[PDB]
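Student:
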Amino acid sequence: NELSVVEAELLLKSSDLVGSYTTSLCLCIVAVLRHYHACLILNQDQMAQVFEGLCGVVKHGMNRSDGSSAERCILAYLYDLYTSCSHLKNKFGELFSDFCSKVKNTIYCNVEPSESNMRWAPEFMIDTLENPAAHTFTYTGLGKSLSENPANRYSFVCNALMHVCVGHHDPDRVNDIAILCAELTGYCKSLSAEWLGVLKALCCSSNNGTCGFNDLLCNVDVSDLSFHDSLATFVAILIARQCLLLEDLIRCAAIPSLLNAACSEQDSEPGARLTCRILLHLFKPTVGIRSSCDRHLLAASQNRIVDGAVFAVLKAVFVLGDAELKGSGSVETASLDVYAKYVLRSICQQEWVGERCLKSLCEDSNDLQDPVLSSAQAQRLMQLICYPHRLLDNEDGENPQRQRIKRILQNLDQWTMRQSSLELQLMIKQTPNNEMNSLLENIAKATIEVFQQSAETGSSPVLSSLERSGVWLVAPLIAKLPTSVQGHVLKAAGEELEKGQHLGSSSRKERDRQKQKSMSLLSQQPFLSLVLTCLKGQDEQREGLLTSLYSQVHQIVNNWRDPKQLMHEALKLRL
Amino acid sequence: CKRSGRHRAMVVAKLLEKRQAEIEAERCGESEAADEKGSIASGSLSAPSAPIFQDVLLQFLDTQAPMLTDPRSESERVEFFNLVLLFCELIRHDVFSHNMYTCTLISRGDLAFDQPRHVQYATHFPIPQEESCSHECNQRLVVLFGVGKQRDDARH
Amino acid sequence: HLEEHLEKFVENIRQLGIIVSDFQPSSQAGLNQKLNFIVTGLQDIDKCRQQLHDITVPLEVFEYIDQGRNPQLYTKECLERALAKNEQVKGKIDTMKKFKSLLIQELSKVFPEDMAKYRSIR
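Protein chains in written order, with PDB author numbering: chain A, 898 to 1181, 1195 to 1239, 1269 to 1399, 1415 to 1516, 1525 to 1537; chain B, 514 to 626, 727 to 769; chain C, 7 to 128.
(1) Is the Cβ-Cβ distance between A/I1286 and A/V1277 less than 8 Å?
(2) Taking Cβ-Cβ distances shorter than 9 Å, what residues in chain B pair up with A/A1446?
(3) Would you mind sorting B/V608 into buried or exposed? The rule is 16 or more other CB atoms within 10 Å of its CB.
(4) Could you tell me whether any Cβ in chain A is nearer than 8 Å to the Cβ of B/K515?
(5) In three-state DSSP terms, what is B/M580?
(6) List, in chain order, every chain C residue whose beta-carbon is nearer than 7 Å to that of B/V732.
(7) Could you tell me whether any Cβ in chain B is nearer than 8 Å to the Cβ of C/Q21?
(8) With A/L1113 as the anchor, note down where its alpha helix (DSSP H) starts and where it stops.
(9) Rounded to a whole number of angstroms, what is the C-alpha to C-alpha distance between B/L528 and A/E1302?
(10) Give me the subset of the segment 609–620 of chain B whose CB atoms are less than 9 Å from a CB atom of chain C, sorted by chain position.
(11) What would DSSP say about A/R961, mapped onto helix, strand or coil?
(12) Mind pulling the chain B residues with CB within less than 9 Å of A/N940?
(13) Where are the alpha helix (DSSP H) runs, 4 residues long or more, that stay fully inside the segment 1102–1151 of chain A, in chain order?
(14) Taking the runs of the alpha helix (DSSP H) that are 4 residues or longer, which of them lie wholly in the segment 1419–1494 of chain A?
(15) Please determine if the segment 1351–1369 of chain A and the segment 1296–1310 of chain A are in contact, where contact requires at least 3 C-beta pairs separated by less than 8 Å.
(16) Just to confirm, are A/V1439 and A/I1382 a CB contact at a threshold of 8 Å?
(17) Anything in chain B within Cβ reach of C/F29, meaning under 9 Å, just list it in chain order.
(18) Around the Cβ of residue 887 of chain A, are there at least 16 other Cβ atoms within 10 angstroms (buried) or fewer (exposed)?
(19) According to a CB-to-CB cut-off of less than 9 Å, which residues of the segment 742–760 of chain B neighbour chain C?
(20) Do A/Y974 and A/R931 have their C-beta atoms within less than 8 Å of each other?
(21) Beta-carbon separation of A/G1441 and A/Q1495 under 8 Å?
(22) For A/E1162, which of A/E1234, A/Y918 and A/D1217 has the nearest alpha-carbon?
(23) Does the beta carbon of C/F15 come closer than 8 Å to any beta carbon on chain B?
(24) Extract the residue ranges of the alpha helix (DSSP H) inside the segment 579–609 of chain B, only unbroken runs of 4 or more that lie entirely within it.
(25) Please confirm whether C/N18 has its beta-carbon closer than 8 Å to some beta-carbon of chain B.
(26) Which stretch, first to last residue, makes up the alpha helix (DSSP H) that contains B/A522?
(27) Taking 8 Å as the cut-off, decide whether the C-beta atoms of A/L1312 and A/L1320 are in contact.
(28) Looking at chain B, is there any beta carbon in it that lies within less than 8 Å of the beta carbon of A/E1302?
(29) Determine whether the Cβ of C/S32 lies closer than 8 Å to any Cβ atom of chain B.
(30) Would you check if the distance between the CB atom of B/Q742 and the CB atom of B/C750 is smaller than 8 Å?
(31) For A/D1232, I'd like the list of residues in its chain whose CB is within less than 6 Å of its CB, leaving aside the five on either flank, ordered along the chain.
(32) Measure from the alpha carbon of A/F1221 to the alpha carbon of each residue in A/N1338, A/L1099, A/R1205 and A/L1176, then state which is nearest.
(33) For the alpha helix (DSSP H) holding residue 1524 of chain A, just list the boundary residues, first then last.
(34) How would you write the range of the alpha helix (DSSP H) that A/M1321 sits in, first residue to last?
(35) So A/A1129 and A/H1178 are in contact, right, with Cβ under 8 Å, and what is the actual spacing, rounded?
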């Protein structure tokens, strides 16, 4: 915040550090502060000086319209703090009205992109592309050449992709050529609208005409799968300055590559592998950057995007693992069916992805509303969302949905509360309207064994005793379930209390141990807690559970003729 | 360990740094006027010595760490990683009664005598309150680790 | 020296025993009394070592540390008064120098012959 006074003091001394040391290293401060935006936005007293301090430093830059990318990105973060707080609208609302139109006009280049058909020459503007590694190229004049002709930006992209693959793959050199690519793209106002082909033609290698600009496929090799690590890092720094928007990135890059991933032969099966790598590192030898802020720019830049694309990413991952491949050729020479599944597990092995998806499904179940998935193929899919390192479950029986229920209830704890409850509530809409009876018998036999396993745990602090006694936990999970489920299990809880007296056939030896278990079921307060929530909204469930209260009250009045007053509360609970 | 993000960790310290001193202080001033009952209340004088404050919440958290000092198990490592920063920000915002938070660990440190967890606690808890007082911060760091001057080289 | 280390260990053991006795001592609380006795023995050994050293201290620093005064600040006033009196006598000497300078030039201007004779004599 107090670099503004330093800028005002050192303006008169007039070194080269004006606009450079207080702005380029300011972005390093910005990158850490953007990455911890949630801590700053939480408390509303320290951050008020931050917007005041950031404004006073760049108070000679409110009226920018053709500035550099680093000048725009800090002012984009100035827009980010202003947008993420309504209380910043009050004190600097007078200096934002002129600031709103000039900043947003750079970002509002939303239009159908230029579909020009210039005959692609692989030699255009060879002066910069001959050796851009040297610092002899002044970078203020390079942006003037790109601004006068849009075709200069196209030819710069075409030949730089030749240099990253043919040349040595050092991680330090590719960072420097990405920095000049990032600053020159954000140097002018409307350079983000011309990216229509390279985001598709780098991956779509089996269309040949639908994308255009065939020099993108021509001058570089496709089968090499080593320089795309540098390419994925290069576009990661490129998107970190908001040079790649997301309003038409789906129309330009994503859905052309989705059809060419799963439904492709070996002509674009390495191209199908290129679909995986550009999206795996988009949100998550190796490109080892020394700057730790550069490894955390993408996590900082992810705050402006939402969960509106991850389910679309994992949609094509399943279909890439669904359409069988045999002509592949063990990382890439094997099939891309299992390699898509490797992407599927490693995405949810990230702890950020698992918590962010489960809170979204708790908000609304429309994240996984796509009917492309089958029954059991979707059932294992959210189990990856439930747990990444889980074993692959067994094959289906006559009741595939019932076996999915029984596995999650054998291992109940507090931490898997919502993902178990999410697994139930997706299953009532995935079951069609002709076969709820199939789901009704699925919740018949799977819930009577819950009643057995609640008895089995009964037969053989608070939180440690809670997780061994998940019948305490399943009743709030039942409480999330709709009223058809509780009405159905009252029939299920009714019939097990009917057979409690009838087992043994009034034996001297066999009935009494079963009747010992029957009054034991009365003794466990889980069983009353299971049914007291169930007494709301039931029309015919009287006769079932009261058969237990028939014979239990009959024996105790004969047992009373025989711990002085322990049975008194045992009689209040039936009242 | 399942859900993470230390934006939650800042909230719980900041949900409770001000609430422990603004709803108990309304009843502390009621206790501050009626705390003079004979020699026993004068011998204690709990309210005028220090305001009444929410305390002894540290004893719910010291039990849940058998050997929580290792990264070899992945789930409990981020449990321990969250544990020390949460203990740090209670001291940073003065969330807890640090007058008695210190004395309990002194009593645990004194009555302690593969190392025991109370030795593992005071070794690895980060206190951000620096240069406050030598009789509270500096002299506490010395006496909690036995006798021996080889620790001064790591100080160097 | 080792007497200071023994006194510091004595203070640390006394503070630890005070904290242990203030709390509920579950273990053998006689270990604290043994630590206090060892502290007293170390203090006696330090007294014997200082008796071999034969170090002398005046009593004014005792009420200074009763106020809590660090020895460094007592040395501050010691060096301050030494330098101040040095400056005072230096200023007195310099004023004496300029006074006899006016004496020499006055005796030269009114009495040239005997002043020149004494200049020859020295």
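C-beta: ideal position from N, C-alpha, C; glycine also.
Tutor: Let me spell this out:
(1) Locating residue 1286 of chain A in the first sequence gives position 347, counting from the first residue. Locating residue 1277 of chain A in the first sequence gives position 338, counting from the first residue. No; because the gap between Cβ atoms is not below 8 Å, this pair is not in contact.
(2) Translated into the one-based positions of the first sequence, residue 1446 of chain A becomes position 492. What A/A1446 touches in chain B: nothing, since even the nearest Cβ is about 31 Å away.
(3) Taking the second sequence and counting its residues from 1, one reaches residue 608 of chain B at position 95. The residue in question, B/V608, is buried, as its Cβ has 16 or more Cβ neighbours within 10 Å.
(4) Position 2 of the second sequence holds residue 515 of chain B. Yes, because at least one Cβ of chain A sits closer than 8 Å to the Cβ of B/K515.
(5) Along the second sequence, read from residue 1 onward, the residue named residue 580 of chain B stands at position 67. The answer is coil: DSSP assigns B/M580 none of H, G, I, E or B.
(6) Here residue 732 of chain B refers to the residue found at position 119 when the second sequence is read from its first residue. Those within 7 Å of B/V732 in chain C number zero; the least Cβ separation is about 14 Å.
(7) What you label residue 21 of chain C is simply residue 15 of the third sequence in a count that begins at 1. At least one chain B Cβ lies under 8 Å of C/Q21.
(8) Against the first sequence, residue 1113 of chain A aligns to sequence position 216. A/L1113 -> alpha helix (DSSP H) spans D1112 to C1115.
(9) Translated into positions along the second sequence, residue 528 of chain B becomes position 15. Translated into positions along the first sequence, residue 1302 of chain A becomes position 363. C-alpha separation (whole angstroms): 24 Å.
(10) The residues in question are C616, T617, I619 and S620.
(11) Position 64 of the first sequence holds residue 961 of chain A. Here A/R961 sits in coil by DSSP.
(12) Walking along the first sequence from the start, residue 940 of chain A turns up at place 43. Near A/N940 (Cβ distances below 9 Å), the residues of chain B are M523 and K527.
(13) List check, alpha helix (DSSP H) in window: 1112–1115 and 1125–1136.
(14) Inside the segment 1419–1494 of chain A, DSSP marks whole alpha helix (DSSP H) runs of 4 or more residues at positions 1425–1434, 1437–1456, 1464–1477 and 1479–1486, from first to last along the chain.
(15) Counting Cβ pairs under 8 Å, three or more are found: they touch.
(16) To locate residue 1439 of chain A, count along the first sequence from 1; it is residue 485. To locate residue 1382 of chain A, count along the first sequence from 1; it is residue 443. A distance below 8 Å separates the beta carbons of A/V1439 and A/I1382.
(17) Here residue 29 of chain C refers to the residue found at position 23 of the third sequence. Near C/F29 (Cβ distances below 9 Å), the residues of chain B are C616, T617, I619, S620, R621, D623 and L624.
(18) Absent from the model: residue 887 of chain A. The displayed extent of chain A is 898 to 1537, so no value can be given.
(19) Within the segment 742–760 of chain B, the qualifying residues are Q752, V755, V756 and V760.
(20) To locate residue 974 of chain A, count along the first sequence from 1; it is residue 77. To locate residue 931 of chain A, count along the first sequence from 1; it is residue 34. In contact: A/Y974 and A/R931 (Cβ atoms closer than 8 Å).
(21) For the purposes of this step, residue 1441 of chain A is taken as residue 487 along the first sequence, with counting starting at 1. For the purposes of this step, residue 1495 of chain A is taken as residue 541 along the first sequence, with counting starting at 1. One thing to note: A/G1441 has its Cβ within 8 Å of the Cβ of A/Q1495.
(22) In the first sequence, counting from the first residue as 1, residue 1162 of chain A sits at position 265. With respect to the C-alpha of A/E1162, the residue from A/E1234, A/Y918 and A/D1217 having the closest C-alpha is A/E1234.
(23) The count along the third sequence starts at 1 and reaches residue 15 of chain C at position 9. Chain B contact via Cβ: present.
(24) Complete alpha helix (DSSP H) runs here, min 4: 587–605.
(25) As a working note, residue 18 of chain C is residue 12 in the third sequence. By this cut-off, C/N18 is an interface position.
(26) Along the second sequence, read from residue 1 onward, the residue named residue 522 of chain B stands at position 9. B/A522 -> alpha helix (DSSP H) spans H520 to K527.
(27) Here residue 1312 of chain A refers to the residue found at position 373 when the first sequence is read from its first residue. Here residue 1320 of chain A refers to the residue found at position 381 when the first sequence is read from its first residue. Yes, Cβ-Cβ distance for A/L1312 and A/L1320 is below 8 Å.
(28) What you label residue 1302 of chain A is simply residue 363 of the first sequence in a count that begins at 1. By this cut-off, A/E1302 is not an interface position.
(29) The residue you call residue 32 of chain C lines up with position 26 of the third sequence. Contact with chain B is found for C/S32, since one of that chain's Cβ atoms lies less than 8 Å from the residue's Cβ.
(30) Looking up residue 742 of chain B in the second sequence gives position 129. Looking up residue 750 of chain B in the second sequence gives position 137. Yes, the pair counts as a contact, with Cβ atoms nearer than the cut-off.
(31) As a working mapping, residue 1232 of chain A is identified with position 322 in the first sequence. In its own chain, leaving out the 5 sequence neighbours on each side, no residue places its CB closer than 6 Å to the CB of A/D1232.
(32) Within the first sequence, the letter at position 311 stands for residue 1221 of chain A. That would be A/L1176, whose Cα lies nearest to the Cα of A/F1221.
(33) Residue numbering in chain A breaks between 1516 and 1525, and residue 1524 of chain A falls inside that break, so it has no position here.
(34) Position 382 of the first sequence holds residue 1321 of chain A. Its alpha helix (DSSP H) spans residues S1314 to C1325.
(35) Along the first sequence, one-based indexing puts residue 1129 of chain A at 232. Along the first sequence, one-based indexing puts residue 1178 of chain A at 281. At roughly 5 Å, the Cβ-Cβ gap stays under 8 Å, so A/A1129 and A/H1178 are in contact.
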